[PDB]
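Chains as they are written, first to last, in our numbering: chain A, 1 to 371; chain B, 1 to 371; chain C, 1 to 185; chain D, 1 to 52. Just so you know, even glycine gets a beta-carbon here, dropped at the ideal spot from N, CA and C. Everything on this sheet refers to the single structure shown next.
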Amino acid sequence: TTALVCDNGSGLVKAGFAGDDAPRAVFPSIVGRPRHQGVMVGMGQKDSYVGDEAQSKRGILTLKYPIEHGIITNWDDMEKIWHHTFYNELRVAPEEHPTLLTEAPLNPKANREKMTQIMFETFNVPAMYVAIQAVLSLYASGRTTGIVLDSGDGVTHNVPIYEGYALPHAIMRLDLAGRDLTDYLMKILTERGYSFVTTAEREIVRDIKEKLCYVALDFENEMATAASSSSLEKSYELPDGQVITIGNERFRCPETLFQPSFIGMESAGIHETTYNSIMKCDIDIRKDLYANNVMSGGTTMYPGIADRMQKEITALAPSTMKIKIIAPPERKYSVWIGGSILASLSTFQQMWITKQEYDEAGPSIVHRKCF
Amino acid sequence: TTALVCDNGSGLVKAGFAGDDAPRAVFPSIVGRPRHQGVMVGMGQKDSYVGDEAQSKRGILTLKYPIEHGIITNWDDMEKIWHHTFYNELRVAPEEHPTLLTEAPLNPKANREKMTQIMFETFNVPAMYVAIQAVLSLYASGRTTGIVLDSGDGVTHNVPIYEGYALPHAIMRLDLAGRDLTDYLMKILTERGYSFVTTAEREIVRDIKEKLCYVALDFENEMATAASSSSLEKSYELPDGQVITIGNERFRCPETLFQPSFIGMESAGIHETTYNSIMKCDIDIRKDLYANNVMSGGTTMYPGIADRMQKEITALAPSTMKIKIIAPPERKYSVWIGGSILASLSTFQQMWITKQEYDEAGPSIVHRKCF
Amino acid sequence: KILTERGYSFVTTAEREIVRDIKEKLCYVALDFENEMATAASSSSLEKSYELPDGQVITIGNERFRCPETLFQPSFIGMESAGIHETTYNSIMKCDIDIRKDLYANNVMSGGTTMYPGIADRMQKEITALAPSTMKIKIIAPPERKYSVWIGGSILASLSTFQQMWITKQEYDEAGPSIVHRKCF
Amino acid sequence: XXXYXXXXXXXXXXXXXXXXXXXXXXXXXXXXXXXXXXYXXXXXXXXXXXXX
Ligand SMILES: Nc1ncnc2c1ncn2[C@@H]1O[C@H](COP(=O)(O)OP(=O)(O)O)[C@@H](O)[C@H]1O
Ligand SMILES: Nc1ncnc2c1ncn2[C@@H]1O[C@H](COP(=O)(O)OP(=O)(O)O)[C@@H](O)[C@H]1O
Numbered sequence: 001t002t003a004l005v006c007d008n009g010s011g012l013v014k015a016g017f018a019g020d021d022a023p024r025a026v027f028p029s030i031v032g033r034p035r036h037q038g039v040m041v042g043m044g045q046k047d048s049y050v051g052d053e054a055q056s057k058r059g060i061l062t063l064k065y066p067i068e069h070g071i072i073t074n075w076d077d078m079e080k081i082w083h084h085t086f087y088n089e090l091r092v093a094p095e096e097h098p099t100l101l102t103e104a105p106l107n108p109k110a111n112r113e114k115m116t117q118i119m120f121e122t123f124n125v126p127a128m129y130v131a132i133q134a135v136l137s138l139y140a141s142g143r144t145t146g147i148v149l150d151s152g153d154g155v156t157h158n159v160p161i162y163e164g165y166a167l168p169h170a171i172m173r174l175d176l177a178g179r180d181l182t183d184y185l186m187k188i189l190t191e192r193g194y195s196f197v198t199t200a201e202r203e204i205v206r207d208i209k210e211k212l213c214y215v216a217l218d219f220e221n222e223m224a225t226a227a228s229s230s231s232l233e234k235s236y237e238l239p240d241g242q243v244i245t246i247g248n249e250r251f252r253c254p255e256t257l258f259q260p261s262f263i264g265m266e267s268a269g270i271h272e273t274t275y276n277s278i279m280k281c282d283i284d285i286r287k288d289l290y291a292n293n294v295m296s297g298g299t300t301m302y303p304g305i306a307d308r309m310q311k312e313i314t315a316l317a318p319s320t321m322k323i324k325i326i327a328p329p330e331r332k333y334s335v336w337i338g339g340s341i342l343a344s345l346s347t348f349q350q351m352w353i354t355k356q357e358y359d360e361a362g363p364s365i366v367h368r369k370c371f
Numbered sequence: 001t002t003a004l005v006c007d008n009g010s011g012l013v014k015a016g017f018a019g020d021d022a023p024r025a026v027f028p029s030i031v032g033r034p035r036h037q038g039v040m041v042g043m044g045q046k047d048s049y050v051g052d053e054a055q056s057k058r059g060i061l062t063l064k065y066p067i068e069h070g071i072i073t074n075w076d077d078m079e080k081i082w083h084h085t086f087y088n089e090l091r092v093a094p095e096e097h098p099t100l101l102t103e104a105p106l107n108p109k110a111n112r113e114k115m116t117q118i119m120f121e122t123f124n125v126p127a128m129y130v131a132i133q134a135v136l137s138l139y140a141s142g143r144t145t146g147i148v149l150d151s152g153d154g155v156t157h158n159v160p161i162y163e164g165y166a167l168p169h170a171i172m173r174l175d176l177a178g179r180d181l182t183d184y185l186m187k188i189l190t191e192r193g194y195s196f197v198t199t200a201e202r203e204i205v206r207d208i209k210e211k212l213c214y215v216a217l218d219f220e221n222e223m224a225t226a227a228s229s230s231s232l233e234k235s236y237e238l239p240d241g242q243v244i245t246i247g248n249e250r251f252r253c254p255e256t257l258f259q260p261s262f263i264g265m266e267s268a269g270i271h272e273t274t275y276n277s278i279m280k281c282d283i284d285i286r287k288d289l290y291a292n293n294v295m296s297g298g299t300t301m302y303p304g305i306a307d308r309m310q311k312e313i314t315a316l317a318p319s320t321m322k323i324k325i326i327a328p329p330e331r332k333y334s335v336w337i338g339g340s341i342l343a344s345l346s347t348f349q350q351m352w353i354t355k356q357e358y359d360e361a362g363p364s365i366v367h368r369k370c371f
Numbered sequence: 001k002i003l004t005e006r007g008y009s010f011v012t013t014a015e016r017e018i019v020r021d022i023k024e025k026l027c028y029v030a031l032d033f034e035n036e037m038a039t040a041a042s043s044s045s046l047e048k049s050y051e052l053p054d055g056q057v058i059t060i061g062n063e064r065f066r067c068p069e070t071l072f073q074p075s076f077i078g079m080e081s082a083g084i085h086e087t088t089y090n091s092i093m094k095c096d097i098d099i100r101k102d103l104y105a106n107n108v109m110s111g112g113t114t115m116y117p118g119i120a121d122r123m124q125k126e127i128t129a130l131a132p133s134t135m136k137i138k139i140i141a142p143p144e145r146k147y148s149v150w151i152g153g154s155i156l157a158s159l160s161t162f163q164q165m166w167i168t169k170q171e172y173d174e175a176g177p178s179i180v181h182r183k184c185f
Numbered sequence: 001x002x003x004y005x006x007x008x009x010x011x012x013x014x015x016x017x018x019x020x021x022x023x024x025x026x027x028x029x030x031x032x033x034x035x036x037x038x039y040x041x042x043x044x045x046x047x048x049x050x051x052x
């Protein structure tokens, strides 16, 4: 037989067998339900909808979002999603493979315990594992040491990994991910005051986040150009309906990462967090990390982040020593790709959970057995 | 006239005349500033805030913490604090008294030199002294020999003192104090995953550290009870808002002192450090110290430390010889109390710095003249 | 779109403003929706008789009290934002932890909708639902709320600091409308 | 959300935890590795006692 991996890194959800280059297909983890009396009697009433099916159907559906802050909000909804994904995309039965789970690090045990409990009981599945993002990120990026930044749909990360080991004290974990940024966007957008608030309306922004964003090289200087020029300003359509045209409101958005005033918090930002977390970690290693600096997924997609990051580190580093960062093309997929690699090696046969343990001891097994 | 002593042992800050039993009042050495546009125009804008005033005002203020690792971070802020303390609590003018300063031992000269420079120049004050914690600890505890452990807000100490003399080689000095422990606490707390990070949020923990902590008698056995029972688990409110209820997460915290893995370092811990530092010191004295063993301040407040400490020493000592430890009630105040005693004796009139020397020679004077 | 149930029916702007009077006179806040429906089945005291501003007497049932519930449930003209109260507690839970008690104490309402008798009570009922009951709750419902803003403006006008603060013609000469957005909130 | 999130999160996140942590296994191993006084002094007493 053969081995199968779910990505539940948030945003669209990624699933695929070991050794395929890329997951078969991918789904937002939107969940949505009707909003109005069902008045075509000819229609079959289905009360819950998920995935691109919903993405089409959206308008009378209204959304629930089953993961806040990387924490999965409502289990039975997940179970709906999960079941759908297996049967509809995968045409797969729980017995068929070991299955591998993808976790925010340093987050409450409950997600571990219920996830495993459900999936061994509700699904019945040969072998289970839950793995921390950064490990995959290294394996895919193939440098045994490193530090990773990956700010997905969900909670945003700093982990230094040294070759072959964790520094769990070193690690920083942040709820700054693009969704909340986007919801700040609206509080921007009312300046131009084309204005709409609901969940689907919020996801419409996601497209603009694809298309229209780019990273500020320098904030002051950008403001000076903002006074000078309109090339900074670009014209974009409603997905249907109007043309819309957007100024500094594009570039201002990512700066939140550097300055989370605009929705206001203190953690001194991605880069200062990173250098802080470095200065926690010990002295000699540091050069390697100055060399090996790695980024991935949802926010990183933006053009230019790596450059201003390097500018920031050149601010904070003693300039004397080499600095560079890695910005691979495929970052948003990176995790599941690494998961595939993770699946490949026979050592997990030593390492998987088996049904037997789940019989003989509880969810408690995990927290010893896995990281 | 009369003589006045500042405690700048970190945490709340303690100040009082010679011969009063306890300082008049005490202040955290928090410093904090605004975070948001000031939008009541009626309000007077003050840009910096300190003390219980801030402790009330906190929410829009954000904190700076002017002492790291017992090293005072930013001088002018200190000067703000210091000025406030004199005028607001003390109603005192710098001329009025000799003033006595309270120092982490074995730490960089700079704190000496600037502290004296400022306080003779910025304040103008009849006589100055800076004194090492352990001396006061003995005087208050009134046993001329000893070894002291006092792990305050700030950097954590071992000094054997023999009667009338220092063994500066003997001494061990550690950045393990309760603040950093508390910040580890959050990385615990996300297991239950009620989770908040900012400075004020971090200080909220301090209350729990008052209320909810107690010392592990035995770690394995405690885990066995943890499996058995919930009496280990207690229910506590938000300072306002929710009830919160906490398991082993309480007792696990102090173990860090015994095992600084959990935020990971090597120094083999309080007790093994102590016995190490003993085995440095010479052979005959040792029995006295086995008898005379003394502890104070912030961490020690916890019920039970002395007991497991004794358990540890009974591990490491040859059991043949007497062992005991002292655990006075008043330890957290102990230092300033001892300072009062220190102030009392006329010999400091022989011993104080005077303005004249500061005229005729620099800050350099101190480092000969004081310990 | 309610009123056509009784089906005395007119649509134009002035006709719409005629309703405003009824909103003055005839409205009151639902204490409990289910229980009110039960009383609606029981009683006509819930129902009151009112004239056209000129012309007919008109007499109105639950159609009065049903109206404010929209604030609590904006289905009836349908939207999602979970309503005044749930919005409020949401926006609280955004804001930070320690302050909250004060706001639980200090809760303030004004103007057009608030005029209705009873809002504060059901609001408090709602907060007692959503709050941990353990902690004090109250709301303020001053008499003068509809005027409140201009009154406060008068106070705002009084203090000399705006002399520091006003825009002057000079700036408008020397820089554009742009001045405002820095200078004011 | 007050219904949707809270129904799960208040209810279940009440009870969060039980384990004899593997991380604590790490701690135990490390402390064993770094009880210098235990290993070194046991070894030295053991050897040095024998004098021929
Ligand atoms: N074309 C794009 N440009 C920029 N950001 C995008 C694009 N497509 C998706 N994103 C963002 O990337 C994230 C996708 O989820 P993901 O990065 O997988 O999160 P997680 O790390 O939780 O798995 C979301 O924040 C989404 O809005
Ligand atoms: N009730 C309490 N229980 C336990 N610890 C406390 C309590 N109150 C304060 N502390 C801790 O004791 C320390 C107070 O500072 P202090 O001991 O004076 O430090 P220093 O030795 O630098 O003067 C801080 O670490 C504070 O968190």
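Residue environment for residue 345/B: exposed (fewer than 16 other C-beta atoms within 10 angstroms of its C-beta). Per DSSP, residue 160/A is one residue of the beta strand (DSSP E) stretching across 156-161.
Ranked by Cα distance from residue 2/B, the options 99/B, 192/B, 302/B and 43/B are led by 99/B.
Counting of Cβ neighbours within 10 angstroms places residue 353/A among the buried residues, the total reaching 16 or more. Assignment of residue 86/C by DSSP, reduced to helix, strand and coil, places it in the helix class.
In this structure, 274/B is the residue among 274/B, 101/B and 364/B with its C-alpha nearest to the C-alpha of residue 289/B. Among the residues facing chain B, residue 101/C is included, as its CB has a counterpart in that chain under 9 Å away. Look at residue 130/C: its C-beta is not under 9 Å from any C-beta on chain B. Assignment of residue 213/A by DSSP, reduced to helix, strand and coil, places it in the coil class. Set against 8 Å, the gap from the CB of residue 115/B to the closest heavy atom of ligand 2 is not smaller. Residue-level contact check: residue 79/C touches chain A, since one or more beta carbons of chain A fall below 9 Å from its beta carbon.
Cβ atoms of residue 70/B and residue 107/B come within 8 Å of each other, at about 6 Å. Counting only the Cα atoms, residue 312/A lies some 12 Å from residue 325/A. Residue 203/A carries a helical assignment under DSSP once its states are collapsed to helix, strand and coil. With a cutoff of 9 Å on beta-carbon distance, residue 150/B and residue 296/B are scored as near each other. Residue pairing by DSSP places residue 6/B opposite 15/B in a beta bridge. Residue 146/C: member of the alpha helix (DSSP H) spanning 145-158, first to last residue. According to DSSP, residue pairing for residue 64/A in a beta bridge involves 31/A. Remark: C-beta atoms of residue 177/A and residue 256/A do not approach each other more closely than 9 Å. Around the beta carbon of residue 336/A, 16 or more other beta carbons sit within 10 angstroms, so the residue counts as buried. Secondary structure of residue 132/B (DSSP, three-state): strand. Interface criterion met: the Cβ of residue 106/A is under 9 Å from a Cβ in chain B.
Under the criterion of beta carbons closer than 8 Å, residue 167/B and residue 131/B do not qualify as touching, at roughly 17 Å.
In the DSSP annotation of this structure, the continuous segment of the beta strand (DSSP E) that includes residue 103/A starts and ends at 99-103. Taking 8 Å as the cut-off, one finds at least one heavy atom of ligand 2 near enough to the beta carbon of residue 301/B. Cα atoms of residue 327/A and residue 155/A: separation of roughly 20 Å, rounded to the nearest angstrom. Using a Cβ-Cβ distance cut-off of 8 Å, the region 173-189 of chain A and the region 252-269 of chain A are in contact, since at least three pairs of beta carbons, one from each stretch, lie closer than that value. Residue 108/C holds the alpha-carbon nearest to the alpha-carbon of residue 137/C among 34/C, 20/C, 60/C and 108/C. Of all residues in the region 114-142 of chain C, those with a C-beta nearer than 8 Å to a C-beta of chain B are 132, 134 and 135, reading in chain order. The secondary-structure analysis by DSSP pairs residue 238/B with nothing; it has no beta-bridge partner. The C-beta distance from residue 271/A to residue 251/A rounds to 17 Å, too long to meet the 8 Å contact threshold. Counting along the chain, residue 123/C sits inside the alpha helix (DSSP H) bounded by residues 119-130. Residues of the region 23-44 of chain B with a C-beta less than 9 Å from any C-beta of chain C: 37, 39, 41 and 42, listed in chain order.
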